[PDB]
Amino acid sequence: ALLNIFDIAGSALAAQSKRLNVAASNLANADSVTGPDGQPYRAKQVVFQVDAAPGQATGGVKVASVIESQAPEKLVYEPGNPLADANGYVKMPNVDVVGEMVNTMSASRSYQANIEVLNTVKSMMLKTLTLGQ
Amino acid sequence: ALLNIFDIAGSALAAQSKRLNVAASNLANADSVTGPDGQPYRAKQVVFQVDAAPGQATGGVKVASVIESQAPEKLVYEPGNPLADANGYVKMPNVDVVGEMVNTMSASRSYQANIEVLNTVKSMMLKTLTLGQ
Amino acid sequence: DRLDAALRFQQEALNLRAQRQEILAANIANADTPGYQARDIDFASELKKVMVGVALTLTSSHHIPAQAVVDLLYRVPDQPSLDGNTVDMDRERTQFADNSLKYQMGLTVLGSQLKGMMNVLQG
Amino acid sequence: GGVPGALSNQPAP
Amino acid sequence: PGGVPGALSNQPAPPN
Amino acid sequence: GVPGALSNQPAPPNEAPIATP
Amino acid sequence: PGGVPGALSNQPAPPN
Amino acid sequence: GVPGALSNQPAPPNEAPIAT
Amino acid sequence: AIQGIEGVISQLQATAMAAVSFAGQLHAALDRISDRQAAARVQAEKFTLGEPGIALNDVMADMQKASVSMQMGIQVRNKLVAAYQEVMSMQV
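Residues numbered from 1 in each chain as written, not as in the entry; some residues may be left out. Chains lettered and ligands numbered in written order. Part of a larger assembly, values for the part shown. Heavy atoms only, no water. Residues with missing side-chain atoms left out of burial classes, pairs and counts.

Method of determination, as given in the entry header: cryo-EM; reported resolution: 3.8 Å.

J.: Explain the overall build of chain A to me, using residue names and the numbers behind them.
T.: Looking only at helices and strands, chain A has two helices and four strands in total. Rg of the C-alpha trace for chain A: 21 Å, well past the compact-globule value of 14 Å for 133 residues, more than 25% over. Taking the principal axes of its C-alpha atoms as reference, chain A extends roughly 80 × 30 × 20 Å. When burial is assessed residue by residue, chain A has 45% of its 133 residues classed as buried. Looking at chain A alone, contacts between residues at least 24 apart form 54% of all its contacts between residues at least 6 apart. Summing over all exposed atoms, chain A offers an accessible surface of approximately 6,800 Å²; the carbon and sulfur share of this is 57%. Computed over 10 positive and 11 negative side-chain charges, the inter-centroid distance for chain A is 10 Å. (Helix = DSSP H or I, 4+ residues; strand = E, 2+ residues; numbered from the N terminus. Rg over C-alpha atoms; globule rule 2.2 N^0.38 Å. Buried < 20%, exposed > 50% of the residue type's maximum accessible area, 1.4 Å probe, protein only. Contact = heavy atoms within 4.5 Å. Areas by Shrake-Rupley, 256 points an atom, 1.4 Å probe, with all protein chains shown as cover. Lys, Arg positive; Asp, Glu negative; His and termini not counted. Charge placed at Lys NZ, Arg CZ, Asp CG, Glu CD.)

J.: Let's hear about the nonpolar core: which residues, and what values?
T.: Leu3, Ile5 and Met125 of chain B together with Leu7 of chain D are the most contacted members of the largest nonpolar core, which totals 39 residues. Mapped onto this core, the elements with two or more residues apiece are α1 (4-28) and α2 (97-129) of chain A, α1 (4-28) and α2 (97-128) of chain B, α3 (89-121) of chain C together with α2 (22-49) and α3 (56-88) of chain I. Non-local contacts of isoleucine 5 of chain B, meaning those with residues more than four positions away in its chain, are made with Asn21 and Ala24 of chain A, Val117, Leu118, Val121 and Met125 of chain B together with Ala6 and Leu7 of chain D. Counting residues in each nonpolar core, the second largest holds nine residues, with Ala15, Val46, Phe48 and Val61 of chain B among its members. (Core = buried A, V, L, I, M, F, W, Y, C linked by side-chain atoms within 4.5 Å.)

J.: Which residues make up the packing of α3 of chain C against α3 of chain I, and what are the values?
T.: Where α3 of chain C contacts α3 of chain I, the two axes come as close as 10 Å, and the packing angle between them is 10 degrees. Between α3 of chain C and α3 of chain I, the crossing angle belongs to the class labelled roughly parallel. Taken together, the residues of α3 of chain I that come into contact with α3 of chain C (itself represented by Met105, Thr108, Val109, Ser112, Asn119 and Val120 of chain C) are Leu56, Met60, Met63, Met70, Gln71, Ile74 and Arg77 of chain I. Of the residues contributing to the contact of α3 of chain C with α3 of chain I, the split by class is eight nonpolar, four polar and one charged. (Axes fitted to C-alpha atoms, helices over the stretch in contact; angles between N-to-C directions. Parallel < 35°, antiparallel > 145°, perpendicular 65-115°, else oblique. Nonpolar A, V, L, I, M, F, W, Y, C, P; charged D, E, K, R; others polar.)

J.: Provide a residue-level description of the interface of chain A and chain D, including the pertinent values.
T.: In this complex, chain A contributes seven residues to the contact, which on the side of chain D involves five residues. Carbon and sulfur atoms supply 67% of the area that chain A and chain D bury against each other, a total of about 480 Å² over both sides. Summed over the three residues of chain A that lose the most area to chain D, namely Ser17, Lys18 and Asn21 of chain A, the buried surface amounts to 66% of that side. The interface formed by chain A and chain D includes zero salt bridges. Between chain A and chain D we count four residue pairs in polar contact in total. Per element, the largest residue contribution to the side of chain A that touches chain D is five residues, and it comes from α1 of chain A. Grouping the constituent residues of the side of chain A that touches chain D by class yields four nonpolar, two polar and one charged. (Buried area = accessible area lost by both parts, 1.4 Å probe. Salt bridge = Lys/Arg side-chain N within 4 Å of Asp/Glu carboxyl O. Polar contact = N/O pair within 3.5 Å; in protein donor to acceptor, adjacent residues only side chain to side chain.)

J.: Can you break down the environment of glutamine 45 of chain B residue by residue, with the values?
T.: Within the element layout of this structure, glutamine 45 of chain B appears in strand β1 (residues 44-51). Counting along the chain gives 56 residues from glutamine 45 of chain B to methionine 101 of chain B, while the straight-line C-alpha distance between them is 14 Å. Leaving out residues up to four positions away in the same chain, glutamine 45 of chain B has contacts with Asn81 of chain A together with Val22, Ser65, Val66, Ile67, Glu68 and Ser69 of chain B.

J.: Kindly report on the arrangement of the chains, identifying the contributing residues and their values.
T.: No other pair of the 15 pairs of chains in contact has as many contacts as chains A and B. One finds no contact between chain A and chain F; the C-alpha atoms of the two approach each other to within 16 Å at their closest.

J.: Residues and numbers for α2 of chain A, please.
T.: End to end, α2 of chain A covers 48 Å across 33 residues, agreeing with the expected 48 Å (1.5 Å per residue, within 8%). Between the side-chain oxygen of the N-cap and the backbone nitrogen of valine 98 of chain A there are 3.3 Å, and the N-cap of α2 of chain A in question is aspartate 96 of chain A. (Expected span 1.5 Å × (residues − 1).)

J.: Describe in detail the packing of aromatic side chains, supporting the description with residues and values.
T.: All names here are of chain A. What the rule picks out here adds up to two aromatic pairs over all chains. Measuring from centroid to centroid gives 6.0 Å for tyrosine 77 and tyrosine 89, while their planes differ by 55 degrees, and the two rings are tilted. In this pair, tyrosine 77 is assigned in strand β3 (residues 74-77) and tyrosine 89 in strand β4 (residues 89-92), connecting sequence segments twelve residues apart. Taking the relative accessible area as the measure of exposure, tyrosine 77 reaches 58% and is therefore exposed. (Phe/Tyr/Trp six-rings, centres within 6.5 Å; stacked < 30°, edge-to-face > 60°.)

J.: Account for a nonpolar patch on the surface, with residues named and values stated.
T.: All names here are of chain B. On the surface, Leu27, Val97, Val98, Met101 and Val102 cluster together into a nonpolar patch covering about 440 Å² of accessible area. For the nonpolar patch, the element with the most residues is α2, which contributes four residues. Examined against the element boundaries, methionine 101 turns out to sit in helix α2. The partly exposed category is assigned to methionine 101, whose relative accessible area is 44%. (Patch = residues over 30% accessible without salt bridge, like charges linked within 9 Å, V, L, I, M, F, W, Y side chains within 5 Å.)

This is how it looks when you write it as structure tokens:
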């Protein structure tokens, strides 16, 4: 049953790509002040779950949902900017830059590991196809 | 066109470049008395919005427009100037020095962080294509 | 030939990627020319156009066979420069890296198709 | 689904 | 039950 | 429209006068 | 017919 | 148990509290 | 044909009164392999087109799977031909 490794590692690659994309989106908007609806940008993060249907022992990984990060919104005193609060408290995203950079590095490394898994699995499948010949 | 990570990080680079340009233009015109028409220079601000192409999931940064700051223009008593009003106060721009240097530093560090994100992703991008061959 | 029809799409994509790569590098090289407009091509539309002729007739041996012999779109400027140059470093650097990546991907896909057609025949 | 992957073509078409 | 991978779940969380 | 799009028209010349004409 | 690059063409000068 | 060995019972959930 | 429809109704009457194969399996396997290869190729062309939602990960993995399936078909053909040659070599 080496074919299931294709599904497992492909799901892992897709999930890590989504995680890296979300981390990069958070990082690129660390300095944002406004959203499309006027709301401040809220740092977002993916949720990882075991991609196993009920009764399946072990599977790959899947992104359940994207959730707003739990952290206080960064308050900035700029009661001159057109966007402000009642007391001039501009709300800026709660992005922790170090966390996002480490997340990007971790996602890249896990991605590369899954690529190696896929490569060696394909090599083994070819060798198995050359069983008796 | 662009891959999603490429678009996000390139938009971040362009937005930081625009913010740095606004800061540099403000720092240049810190002592300007008149423009080309006879009105004082007004400090420019750049507003970052999240370019959430999908519904609330991710997105890079876009810049809607460059706004003109609404702060009390600096008044200097120079009645001999042709641009002095009835009371004689020539109008000097509201460009603060410390804020613009801080903005330049912050824009530079966001620019470099996005550059590092692209550099990190790049190796994984090139290593993805070896999966098939 | 049927062999051309199978490999037509990837060959045309690879050639279009090379042409757009040349255009982007020309934009990079002429960054300092005052009055130079940054030009580019819309990859998808040109790929449609190429994917979607009459060799003159040769009656004898002496008769000479027929001799064989893209549209550029201006980039929307982002920042107004004083010398009229609209080339932006960041945008075209990202586009250049992306085009390099896609050229490598096209090479990979075309090589895989040729290698499959080969292992079908080897024996 | 809601989130497109990093290695996907710009969601904006 | 999975959870958020990386930075959020590897930093000391609040007590409750 | 968006900065970085594709158009079939060259951008107008970038003039910056020192005085109002 | 592009002109001088860099400093000279990026300074405000009256047209002639 | 020796690390890297195999056991039929799962490891208990680990926690790192700030104040006892 | 009119006579062909006559034959169809005759076979229906036959079913009334009364009241898949190795070549079929090989044809099914060939169709499955070709369909997988065409699906991978179409997804690759869609990605090269620039259409949103298609990830390079899925393209590359599907190309990998298509290559493995093609190799499996090649091996099955090789053996099958070898077995046929062995049978035809039998002296009667």
